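> Build me a model from this:
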Amino acid sequence: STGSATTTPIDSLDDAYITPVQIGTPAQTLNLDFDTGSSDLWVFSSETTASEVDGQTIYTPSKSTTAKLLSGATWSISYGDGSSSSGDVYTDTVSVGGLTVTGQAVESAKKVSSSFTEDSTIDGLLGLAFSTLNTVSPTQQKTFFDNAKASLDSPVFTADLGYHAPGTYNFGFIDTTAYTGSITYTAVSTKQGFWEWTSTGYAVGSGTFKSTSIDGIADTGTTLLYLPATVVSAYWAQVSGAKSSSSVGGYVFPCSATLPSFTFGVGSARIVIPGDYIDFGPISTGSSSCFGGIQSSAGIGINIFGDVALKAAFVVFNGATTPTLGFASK
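Numbers count the residues shown, from 1 in each chain. Have a look at this structure:
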């Protein structure tokens, strides 16, 4: 089997991407944030505290003929941005882009944090990291990809995120029309439950490439690119007037600037992030200070190749017995 779904930016900045997901019978279509940095499929639901729902589409298990309470199971997750959610669990039929999994754990939110409520465009998350991070207790549950894997033509999914445009998530096949050149594969560590890999270095603009190992995760659920402070300082030193603002919470730059590109290494290959991808716009409406898309990871404990980096590539998440990542230009 295969599946193919279009993913759409939620706003003009590509702050996140939503992908329609069919849950239950008859289908209830919710727009989920596919997140390769977490492992829970959770949704706004008929169980969500009413004051915490503001415009999201909700899953109502009682209207699904295939929904079953997973008795005793609860979940609770906290993300890197400080957001959180929790609730109970149903199993149901879940389809993405024509690929169907029966018996998928659908984690129904009873509580969501303010950042979820305030984002009307995101009806929940669909985690695509390794199932070892799934938070369901007392019986850990599998991701949609882990449940689909054995049925897929190839045990892979691909992320092809757009810059200010829709893109695609494919399951079970590699669309050889979606990228240029060849795909460079690189090793993955699953020890922290992430798609964790080691970049071979970086360049700023037309500058020379610096060979240096940068361990980090491929995380579609993170907007920005978070790298070590040395790398980030080297990048923003090339932008006149850029500075790290403790008041704003990262590097800002004059909105009049033209940003340089940033290149990262994948083995001997190179992925170029155009400068425009690094512009996240005014820090507040009407400001002439703009927020940067490359930020320090120093306060995180891990480097994160988020959407700023991934949208510059065609990315293969290879879930073979020994997982690997692949990157191609596009």
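> Now stretch 293-304 - C-alpha only, PDB.
In PDB, the C-alpha atoms belonging to stretch 293-304 read as follows (Å, rounded to 0.1, in the frame of the first residue of the first chain):
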ATOM      1  CA  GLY A 293      14.700  31.600  11.300                       C
ATOM      2  CA  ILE A 294      18.100  30.300  12.600                       C
ATOM      3  CA  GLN A 295      18.300  30.400  16.400                       C
ATOM      4  CA  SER A 296      20.600  29.000  19.000                       C
ATOM      5  CA  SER A 297      19.900  25.600  20.500                       C
ATOM      6  CA  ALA A 298      22.100  26.400  23.600                       C
ATOM      7  CA  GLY A 299      19.000  26.500  25.900                       C
ATOM      8  CA  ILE A 300      17.400  23.200  24.400                       C
ATOM      9  CA  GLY A 301      19.900  20.400  24.800                       C
ATOM     10  CA  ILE A 302      19.600  19.300  21.200                       C
ATOM     11  CA  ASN A 303      20.000  20.800  17.700                       C
ATOM     12  CA  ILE A 304      16.800  20.800  15.700                       C
END
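> Could you give me the buried positions within that stretch?
By neighbour count with 16 or more other Cβ atoms under 10 Å, stretch 293-304 contains the buried residues 293-297, 303-304. Just so you know, the C-beta spots here come from the backbone N, C-alpha and C atoms, and that holds for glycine as well.
> try stretch 189-208
With burial defined by 16+ other Cβ under 10 Å, the residues of stretch 189-208 counted as buried are 193-200, 202-204.
> among the buried residues of stretch 293-304, which two are most distant?
Spanning the widest gap among the buried residues of stretch 293-304 are 293 and 303, at 14.4 Å by Cβ to Cβ.
> any idea which element residue 29 lies in?
Here residue 29 sits within strand 28-35, counting by DSSP states H and E.
> What is the subsequent helix or strand relative to that strand?
Moving toward the C-terminus from strand 28-35, the next helix or strand (DSSP H and E) is strand 41-43.
> Identify the residue spatially nearest to residue 227, adjacent ones excluded.
With Cβ to Cβ, 6 or more residues apart in numbering as the criterion, residue 227 has its nearest non-adjacent residue at 5.4 Å, and that residue is residue 303.
> is it true that that neighbour touches residue 229?
No. Using Cβ atoms under 8 Å, residue 303 makes no contact with residue 229, being 10.7 Å away.
> which neighbours do those two share?
Each of residue 297 lies in contact with both residue 303 and residue 229 under the rule Cβ atoms under 8 Å, 6 or more residues apart in numbering.
> So which elements touch the strand holding residue 29?
Where contact means 3 or more Cβ pairs under 8 Å, 6 or more residues apart in numbering; DSSP states H and E, strand 28-35 is packed against strand 17-23, strand 41-43, strand 124-127.
> tell me the angle of it relative to strand 17-23?
Strand 28-35 and strand 17-23 are oriented at 140 degrees to each other (axes from the mean of the first three to the mean of the last three Cα atoms, to 10 degrees).
> Wait, a helix at residue 145?
Yes. Assessed by DSSP: H, G, I helix; E, B strand; the rest coil, residue 145 belongs to a helix.
> Could you tell me which helix of this protein is the longest one?
Longest helix in the chain, counting residues (DSSP state H): helix 229-236.
> can you list contacts of that one?
By Cβ under 8 Å, 6+ apart, the residues outside helix 229-236 that reach it are 202, 204, 210, 214, 242-244, 251, 253, 260, 262, 292, 294-298.
> circling back: list the contacts of the residue nearest to residue 227.
By Cβ under 8 Å, 6+ apart, the residues touching residue 303 are 214-217, 226-228, 297.
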